[PDB]
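>>> need coordinates for the below:
(chains A, B and C)
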Amino acid sequence: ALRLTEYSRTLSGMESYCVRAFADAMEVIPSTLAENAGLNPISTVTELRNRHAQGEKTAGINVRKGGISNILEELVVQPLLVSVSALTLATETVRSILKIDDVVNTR
Amino acid sequence: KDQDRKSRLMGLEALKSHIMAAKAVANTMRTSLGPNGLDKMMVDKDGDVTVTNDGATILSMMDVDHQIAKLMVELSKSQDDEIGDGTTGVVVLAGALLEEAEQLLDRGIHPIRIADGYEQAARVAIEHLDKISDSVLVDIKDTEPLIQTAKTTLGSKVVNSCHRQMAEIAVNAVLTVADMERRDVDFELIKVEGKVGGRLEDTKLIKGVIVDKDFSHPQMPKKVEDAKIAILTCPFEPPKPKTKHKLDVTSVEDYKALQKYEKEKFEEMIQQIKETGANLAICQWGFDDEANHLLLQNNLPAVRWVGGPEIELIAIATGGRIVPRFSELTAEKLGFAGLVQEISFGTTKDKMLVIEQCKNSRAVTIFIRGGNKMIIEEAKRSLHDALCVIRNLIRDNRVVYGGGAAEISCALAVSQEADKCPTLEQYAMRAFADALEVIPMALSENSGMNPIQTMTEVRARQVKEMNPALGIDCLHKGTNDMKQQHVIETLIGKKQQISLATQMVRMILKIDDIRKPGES
Amino acid sequence: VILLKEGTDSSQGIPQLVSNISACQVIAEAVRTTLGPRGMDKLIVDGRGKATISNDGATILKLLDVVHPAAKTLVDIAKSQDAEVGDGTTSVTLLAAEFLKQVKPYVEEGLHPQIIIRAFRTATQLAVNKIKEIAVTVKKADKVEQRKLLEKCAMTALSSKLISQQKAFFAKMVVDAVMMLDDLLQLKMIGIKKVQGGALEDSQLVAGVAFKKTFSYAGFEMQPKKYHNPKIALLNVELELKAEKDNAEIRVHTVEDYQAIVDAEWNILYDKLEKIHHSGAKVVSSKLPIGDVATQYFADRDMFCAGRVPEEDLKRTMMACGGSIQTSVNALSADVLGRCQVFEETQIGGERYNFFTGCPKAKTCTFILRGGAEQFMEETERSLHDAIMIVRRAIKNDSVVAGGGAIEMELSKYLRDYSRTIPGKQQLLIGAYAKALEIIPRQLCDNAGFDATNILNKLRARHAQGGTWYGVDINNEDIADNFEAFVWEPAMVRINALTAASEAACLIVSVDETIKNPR
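Numbering: from 1, shown residues only, chains lettered A, B, ... in the order given. Okay, here it is:
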């Protein structure tokens, strides 16, 4: 969500608001994990955007200790295919829904 | 007392109701922003009809019961003493800050915390305006570039036909009443009048005070070169009251007796003019046929039926005093001026009194001719902000290119400074960036073009093509970069648009309740 | 047919006491968000249509005028709070209604109201003894000049404001304005005026009494401003040539009498100007406007006159120069004339301003506000007024305690441990008495936009480590020491706050039946 905002500034036309909306919708995943962990959803996401700007991907949310800590040191890791297939399959479904003008019942 | 039927609005819904009432005023004026902005129809309580796109005039004519809506109107009185042109742009900017604040209230952010974000982002935008600002008259005082700037402001009004001639008059008028080095220009020393007939190209600059009154007699001298002015509240004749004389004449015995007493008063006060050395006599009332008969023999022109407030304006401009009676006359109370003439208008019997100093003075009055009273009234407002543009250039000659180039360049810096604030006010800084984009967006919408495609296209040009800010052409000119189009607004005006809009949003968010009793 | 009440509305028992508790929470709800310097404001409109905007709890309660009988009780307690102290009306109203909320479920359980009164009387007596032990008198401490401590207390209250950058300069002006007073300190003495334009550093501190001087009329290039020992006259007379008050209308058929009538109308005005010259009054301050003709008279007589002066500025002048306000010019004499050492007309701001200097009877001064707009000055006007209150109360009472909910938490912890040592029904009531004292530090976090739960929980655990001065910081969000941050309040003010809150709470509980006589 942080890097797509910078790419939205370099583009032109309608792609500025459309890519930015795609970036802001990526913050719902960390906002949900912070809510179930007993923290402030709005304040936690704000601190992570700064730690990811100055630092690296290491910053994140640790649900076991209930606070922001190093994800690699807490032994939390996921393969790359899960995150890549999550964006690819979800995009194809969202694009398919936007292309539907009307439903027609046949017999 | 009167607790029953008392209107109360409280809670989170109170803030959303205040924003909705504020957006009703902002959405109304955003269509009139810019030179292509649509007009508004005004129906007076007495049945009069007038049409103007001026934002300051609209807010004065709008009658709104809601309390927060009344606060938006009170802002116009503060800005008109500075800008007087982009007053609509502040109301639109104030409505954009509140509209984006509605999305933040759903996230659970406290209103005071939102108001702190706008204040923090406002100083960043004001600081960015100082870097990109360029000067004109710096270190060298010149009237050549100053006249060209005023020609653009008058282009948005109905005076755009004669716009070139009225620019040189406003320049020489301000420089006469005050020096540019003094950097102090009072609007009370500048008056604007007008009369139906003629054209806007007939506007002239007379240094002094001018009011429309005729001479006591048409054969009086029309040109007085020396400066002698007698300003009295009483005419020269036997003393008469302020309403009705009602002389009592029983028969011819009282006629011949009182006429001799009046005859002594006829030659006494007329010859008294030459005793004090005075020439022109300004009296509040008129003269009889015998009084004007003695003035023609002695060559003593005078003005009759001078109004009440006109007496004070003549004594201040000419340097004289108000003399209640001829017994207090002296040489010090005489007013000064270079020339006194009577200039009529076509075949009209008005014959406005003309007082010319034949030199510089501390007060001037601009007169406007035109074929319609409503056009002249709009021509008066056309010079009002024009004087402010010249006054702002005298105070600070640094300027920032307008046409939306200023508001778009600021949001680029504010959006970058947002990631440097690890705190909840970061959202308020991002919403402050999208609010600045509304003013240049309303300019393209009023021009019959796609708003979004025009906004995002200019963003890419300022980041990639060139660092200097580029504007949007609402007049359908050749291209962008209004620097070549010579559309420029002062830097002082840009700092006030952000400062005054921040004050209004901060006051509306901190008010959580509005109370008032109802009719019992 | 035969009815006892016949339209008489009366109720008693438990429901009558519960109905009064819900009515007290409505009164505390209005002033609830106004607690604290950063608290939100309110907007109240009267029948005239004008809106009053301020966070002052004393002003809001006066405009409400609630018809409920139990609500009028808490309103009357706020009036007694002004005479004894003069502030804390919001704290007393909000805290007293909090006790009724805690004991509300105990009333529905069958607990008798008299036992509840026994708890609030005993617990309040112990809280007063605990405040006197914690209160420490600071005077010569660390051999610091008292002027330095007064400036540090002023910068803290003015921090995180519009003047927060210039607060270092304004702290000296607030302390100096208090030092110019006499041994008897009063807040109504020092006036504050606002002047548009100029930066914040342009604010001037005047030792005398200054006013806006809205007089726009003629008479310039005359009336020398410098006077060594002028006679200051206070007159409400209108010196205008043609005025709405004093005129002369006489209808005669004689032409020669018209010259006298016009002169007689000017004679009355000339007489009023002569009676001022007869007493030898150099400075003329008029409430009503003064005509241009009257200005030329005093101009040739080497005397100055200024009209359109507000009545409040004349009353502050009466207590300054040492004279008195005289309505007419006939009774004007040396008894009502004042004296000042230096009188000068200043052009600061571009407007013409007048002020006095070195008046023998003057206990008052005037401060000048300089800012970009009016809203910057109006909010700073009260912001500086709160700084004057801190400096004034610090001089009068030198024994203080840590503010910002710091003393409220220690009285909550001390009484929580003592309540366990009293077997009986007094345990649950005193335990609820300590919890109600925590509403003050909680409202400071909500009015500041912070998180009340995280701050209060970490603050409560911090008092378990022994620090008694720790409290909530309004600027930064964190637990800080209010004693080292120099946030102080007099001990007698906090004692009177708990006494008035406990008295108002016991009175509502003691009310059983509400009897209303139809008439």
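>>> going forward, measure contacts and count neighbours with C-alpha atoms only.
Fine.
>>> now whatever residue of the stretch 1-150 of chain B ends up closest to chain A: phi and psi?
Per C-alpha to the nearest C-alpha, residue B:107 is where the stretch 1-150 of chain B lies closest to chain A, at 7.5 Å. The phi/psi pair for residue B:107 (degrees, to the nearest 10) reads phi -80, psi -10.
>>> ok, and the closest non-adjacent residue to it?
Among residues not flanking residue B:107 along the chain, residue A:42 sits closest, at 7.5 Å (C-alpha to C-alpha, 6 or more residues apart in numbering or on different chains).
>>> neighbours around the residue of the stretch 1-150 of chain B closest to chain A, how many?
10 (other C-alpha atoms under 10 Å in any protein chain shown).
>>> same check on residue C:129?
Neighbours of residue C:129 (other C-alpha under 10 Å): 11.
>>> in the helix or strand that contains it, which residues are buried?
Following DSSP states H and E, one finds residue C:129 within helix C:113-134. Across helix C:113-134, burial judged by 16 or more other C-alpha atoms under 10 Å in any protein chain shown covers C:113, C:116-117, C:119-120, C:123-124, C:127-128, C:130-131, C:134.
>>> likewise for stretch B:200-214?
Using 16+ other C-alpha under 10 Å as the burial criterion, the residues of stretch B:200-214 that qualify are B:200-201, B:203, B:205-214.
>>> using CSV, write out every CA atom in it.
C-alpha atoms of stretch B:200-214 as CSV (Å, rounded to 0.1, in the frame of the first residue of the first chain):
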residue,chain,number,x,y,z
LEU,B,200,-17.3,53.0,-19.3
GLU,B,201,-14.5,54.4,-21.4
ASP,B,202,-15.4,57.9,-20.1
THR,B,203,-14.1,57.1,-16.6
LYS,B,204,-11.8,59.9,-15.3
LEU,B,205,-9.6,60.6,-12.3
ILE,B,206,-10.4,63.7,-10.4
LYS,B,207,-8.3,64.5,-7.3
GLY,B,208,-10.6,65.8,-4.6
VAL,B,209,-14.2,65.4,-3.5
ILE,B,210,-17.0,65.4,-6.0
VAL,B,211,-20.8,65.6,-5.3
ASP,B,212,-23.6,66.3,-7.7
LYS,B,213,-25.1,69.7,-7.1
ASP,B,214,-25.6,72.8,-9.3
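>>> ok now that stretch, how far from the chain's centre?
18 Å (C-alpha atoms, centre = their mean, to the nearest Å).
>>> run a quick neighbour tally on the residue of the stretch 301-450 of chain C found nearest chain A.
Taking C-alpha to the nearest C-alpha as the measure, the stretch 301-450 of chain C has residue C:450 as its residue closest to chain A, at 11.3 Å. Residue C:450 has 18 neighbouring residues, counting by other C-alpha under 10 Å.
>>> coming back round to it: out of the buried residues of stretch B:200-214, flag the one nearest to residue B:345.
Lowest distance from residue B:345 to these (C-alpha to C-alpha) belongs to residue B:212, with 10.9 Å.
>>> can you list the residues of chain B near chain A?
B:107, B:419-420, B:422-424, B:426, B:452-454, B:456-457, B:459-460, B:463-464 (C-alpha under 8 Å from any C-alpha of the partner chain).
>>> any of those buried? List them.
Buried by 16+ other C-alpha under 10 Å: B:419, B:422-424, B:426, B:453-454, B:456-457, B:459-460, out of the residues of chain B next to chain A.
>>> now do the helices in chain A.
A:2-10, A:15-24, A:28-36, A:41-54, A:80-98 (DSSP state H).
>>> need these in TSV (columns: distance to residue B:182 and mean neighbour count).
Supplementary listing: the helices of chain A in TSV, determined by distance: least, C-alpha to C-alpha, whole Å; neighbours: other C-alpha atoms under 10 Å in any protein chain shown:
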stretch	distance to residue B:182	mean neighbour count
helix A:2-10	46	15
helix A:15-24	49	16
helix A:28-36	59	15
helix A:41-54	50	17
helix A:80-98	65	10
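>>> export those as a markdown table, with columns for distance to residue B:142.
Below are these laid out as a markdown table (distance: least, C-alpha to C-alpha, whole Å):
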| stretch | distance to residue B:142 |
| --- | --- |
| helix A:2-10 | 42 |
| helix A:15-24 | 44 |
| helix A:28-36 | 60 |
| helix A:41-54 | 50 |
| helix A:80-98 | 61 |
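>>> who wins for proximity to residue B:369 among these?
Closest among the helices of chain A, using C-alpha to C-alpha: helix A:15-24, at 51.1 Å.
>>> one step back: what's the very next helix or strand once past the helix holding residue C:129 in contact with?
For helix C:113-134, the following helix or strand on the C-terminal side (DSSP H and E) is strand C:136-137. Strand C:136-137 has contacts (C-alpha atoms under 8 Å, 6 or more residues apart in numbering or on different chains) with C:398-401.
>>> of those, which is the most crowded?
Most surrounded of the contacts of strand C:136-137: other C-alpha under 10 Å gives residue C:401, at 26 neighbours.
>>> please compute how far the one helix or strand it maps to lies from its chain's middle.
Residue C:401 is part of strand C:399-402 when elements are defined by DSSP H and E. Distance of strand C:399-402 from the chain centroid (C-alpha atoms, centre = their mean) equals 21 Å.
>>> C-terminal to that strand, what's the next element?
Next along from strand C:399-402, by DSSP H and E: helix C:406-419.
>>> residue B:104 - how many residues pack around it?
Residues near residue B:104, counting by other C-alpha under 10 Å: 17.
>>> next, count neighbours for residue B:283.
23.
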